[PDB]
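Novice: no sequence on this one, just coordinates:
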Ligand SMILES: *[C@@H]1O[C@H](CO[C@@H]2O[C@@H](C)[C@@H](O)[C@@H](O)[C@@H]2O)[C@@H](O[C@@H]2O[C@H](CO)[C@@H](O[C@@H]3O[C@H](CO[C@H]4O[C@H](CO)[C@@H](O)[C@H](O)[C@@H]4O)[C@@H](O)[C@H](O[C@H]4O[C@H](CO)[C@@H](O)[C@H](O)[C@@H]4O)[C@@H]3O)[C@H](O)[C@H]2NC(C)=O)[C@H](O)[C@H]1NC(C)=O
Ligand SMILES: *[C@@H]1O[C@H](CO[C@@H]2O[C@@H](C)[C@@H](O)[C@@H](O)[C@@H]2O)[C@@H](O[C@@H]2O[C@H](CO)[C@@H](O[C@@H]3O[C@H](CO[C@H]4O[C@H](CO)[C@@H](O)[C@H](O)[C@@H]4O)[C@@H](O)[C@H](O[C@H]4O[C@H](CO)[C@@H](O)[C@H](O)[C@@H]4O)[C@@H]3O)[C@H](O)[C@H]2NC(C)=O)[C@H](O)[C@H]1NC(C)=O
Ligand SMILES: *[C@@H]1O[C@H](CO[C@@H]2O[C@@H](C)[C@@H](O)[C@@H](O)[C@@H]2O)[C@@H](O[C@@H]2O[C@H](CO)[C@@H](O[C@@H]3O[C@H](CO)[C@@H](O)[C@H](O[C@H]4O[C@H](CO)[C@@H](O)[C@H](O)[C@@H]4O)[C@@H]3O)[C@H](O)[C@H]2NC(C)=O)[C@H](O)[C@H]1NC(C)=O
Ligand SMILES: *[C@@H]1O[C@H](CO[C@@H]2O[C@@H](C)[C@@H](O)[C@@H](O)[C@@H]2O)[C@@H](O[C@@H]2O[C@H](CO)[C@@H](O[C@@H]3O[C@H](CO)[C@@H](O)[C@H](O[C@H]4O[C@H](CO)[C@@H](O)[C@H](O)[C@@H]4O)[C@@H]3O)[C@H](O)[C@H]2NC(C)=O)[C@H](O)[C@H]1NC(C)=O
């Protein structure tokens, strides 16, 4: 664990590419007989051996998607970098992967990396044009489609309305669409009031603000 | 697990020698990059590599005590037998050991062996010469000294006495001595009656019977 260096967590976009670093930290007396990357269940996904070469023995993780990032002059003996690159990320690839150097004589040293597959959702917001009334109804809704994980939506308002939302699977498996409706008792003096939809997500370094201006029918400036 | 063949349990006498078999079962596509034997905590105790040779990197388990049992013509490439031999067994060596072949490309396959360190106890039994009385007392005792694990003692009798025993550490750490006293109300008609001490233990394929004949003072044939 302290001997092997990896990222505890790595993020990649669904359909895109990541890299999972892995290095045997020097100084070390040890010698490396082989390195493999395994899933949690122990299934090997990538293998490297100083003589037998490199191999991706699993059909879910072929050479067409996985590969080792060499950063040596094509002539490395010592052999301490096992950085694994992926392309065409799928939902199935999500998981914890073990980078395991088999060394001699003091055995296998291992690091674990959580590979998180993420899907950036599309967001939009709309005012709902309502009529005056006692009936507290939806005056706005925000929609985050195809996120992974699910996007988080909140509202920002000086008025006093409750927000409530619901979920459905997105077009793509692994992805989910969240719909949030802001509701309050529609009084005529509401028309024109700005109300902001706030959506948080991994693929956004800064939360997205989708402002909306309320619309009360038969009443306008 | 199903790929590696080992004994689930092996027994060796304290101060003596055992062997822990381990084989990579054929047929197998795989190639072996190295083999090691580990304790439970992951400490390597024996290591073997097709180029770098053999090594016993741990000071608790030196080459003076451990070794690999080769059964090949000094010219084996394939390399599937990792049988580990021990001598001078100690109490400390008790434990579960993992035989782990690092193979390519489908990773490390492993078998687990419980190494049980056993000490054969010395047993003896004596009649206690008692006097008639209401006082239910000890008329016999059986003693199993220096067993590991603790020996089990029971009595065999046609009379109606209770047996109760006690434990103390033997001279050797890891070993325990059990003392069992058979007691009953000493009536004069008991003298001469055979009563057998039965002691069970691992180092005995058949339970040991130590007969005793009861002795009531001031009363004899
Ligand atoms: C290294 O390990 C790979 C094995 O993976 C581990 O062990 C294997 C045996 C599995 O138990 C796996 O779960 C473990 O993680 C190993 O790959 C295996 O190679 C064989 C043949 O080359 C494949 O068997 C064939 O499988 C398909 C069905 O597979 C589909 O479903 C599974 C999920 O359930 C997916 O993982 C696959 O990607 C597929 O989508 C069968 O159609 C096929 O049947 C054919 O052959 C048999 C005769 O035996 C006939 O009865 C049929 O009519 C067909 O002709 C096989 O059963 C196996 O899928 C494959 N595993 C993977 C992950 O690709 C690999 O070969 C090893 N390499 C070396 C060098 O040791
Ligand atoms: C392969 O691994 C072996 C290490 O074992 C794993 O990692 C080691 C570092 C330990 O953490 C162990 O618990 C793990 O299982 C490794 O063996 C180690 O080698 C060093 C030096 O060669 C040893 O350090 C010295 O230890 C003694 C005290 O050890 C006694 O107690 C322990 C139990 O707590 C027993 O296991 C031992 O058998 C002993 O009975 C110290 O006296 C000594 O101090 C001296 O040196 C320091 C300077 O650093 C000074 O401050 C002092 O004044 C002394 O001059 C060291 O601290 C370590 O015991 C030893 N482990 C074992 C099991 O023997 C081995 O070297 C590795 N081989 C390769 C090729 O990588
Ligand atoms: C891969 O492994 C990583 C990290 O390593 C593994 O998990 C460790 C915790 C431990 O078991 C290690 O041995 C092992 O290697 C996993 O990371 C964890 O992921 C879970 C979610 O599955 C997180 O749990 C969450 O913790 C939050 C507070 O910090 C909390 O808000 C969450 O609670 C809410 O959501 C759940 C519903 O999912 C609900 O039950 C709650 O009541 C509440 O609404 C939740 O408990 C851990 O924090 C993660 N650990 C770390 C260190 O980040 C990862 O899940 C795993 N991935 C896969 C695919 O297996
Ligand atoms: C090494 O590991 C072996 C077997 O493998 C390991 O343990 C398995 C059970 C499991 O955890 C595996 O994952 C792991 O690899 C251990 O074997 C077990 O040893 C214990 C004793 O520590 C046994 O437990 C006993 O079971 C008896 C009935 O079958 C029962 O009579 C015993 O109960 C009596 O004694 C205890 C006091 O010790 C008391 O608490 C009870 O109330 C009662 O008086 C006792 O529960 C298991 O059966 C063993 N398992 C097998 C499959 O044989 C081994 O202990 C371990 N050795 C070391 C040094 O760690």
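Specialist: Nice, thanks for sending it over. Residues are numbered from 1 along each chain as shown, chains lettered A, B, ... in the order given. Ligands and ions are numbered 1, 2, ... in the order given.

Novice: Neighbours of the residue of chain A found nearest ligand 1, how many?
Specialist: Distance from ligand 1 to each residue of chain A (C-beta to the nearest ligand atom) is smallest for residue A:59, at 2.9 Å. Where you see a C-beta, it was placed from the backbone N, CA and C, and this is true even at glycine. When counting by other C-beta atoms under 10 Å in any protein chain shown, one arrives at 6 neighbours for residue A:59.

Novice: where does it fall, phi/psi-wise?
Specialist: Main-chain dihedrals, residue A:59, degrees, to the nearest 10: phi -80, psi -30.

Novice: starting at the chain centroid, how far to stretch A:154-167?
Specialist: For stretch A:154-167, the distance between its averaged C-alpha position and the chain's averaged C-alpha position is 25 Å (C-alpha atoms, centre = their mean, to the nearest Å).

Novice: cool, stretch A:173-189 as well?
Specialist: Here the centre of stretch A:173-189 is set off from its chain's centre by 24 Å, with C-alpha atoms, centre = their mean.

Novice: swap in stretch A:51-64?
Specialist: Using C-alpha atoms, centre = their mean, the offset of stretch A:51-64 from its chain centre is 25 Å.

Novice: Then stretch A:97-107?
Specialist: Taking the mean C-alpha point of stretch A:97-107 and that of its whole chain, the gap between them comes to 29 Å (C-alpha atoms, centre = their mean).

Novice: Are it and ligand 3 in contact anywhere?
Specialist: No. Applying C-beta under 6 Å from any ligand atom, one finds stretch A:97-107 separated from ligand 3 by no less than 9.3 Å.

Novice: can you list the domain ranges for chain A.
Specialist: Structural domains of chain A, as assigned by curated CATH domains, span the residue ranges A:1-120, A:121-221.

Novice: Residue A:88: neighbouring residues, count only.
Specialist: There are 13 residues near residue A:88, going by other C-beta under 10 Å.

Novice: Now it: closest residue in space, sequence neighbours ignored.
Specialist: residue A:65 (5.1 Å; C-beta to C-beta, 6 or more residues apart in numbering or on different chains).

Novice: for residue A:192, same thing?
Specialist: residue A:213 (6.1 Å).

Novice: For stretch A:106-122, buried residues please.
Specialist: Neighbour-count burial for stretch A:106-122 flags A:106-113, A:115-121 (criterion: 16 or more other C-beta atoms under 10 Å in any protein chain shown).

Novice: Just confirm residue A:198 contacts residue A:206, I think it does.
Specialist: No. At 10.8 Å, residue A:198 and residue A:206 do not qualify as touching, with contact defined as C-beta atoms under 8 Å.

Novice: Done for today, thanks.
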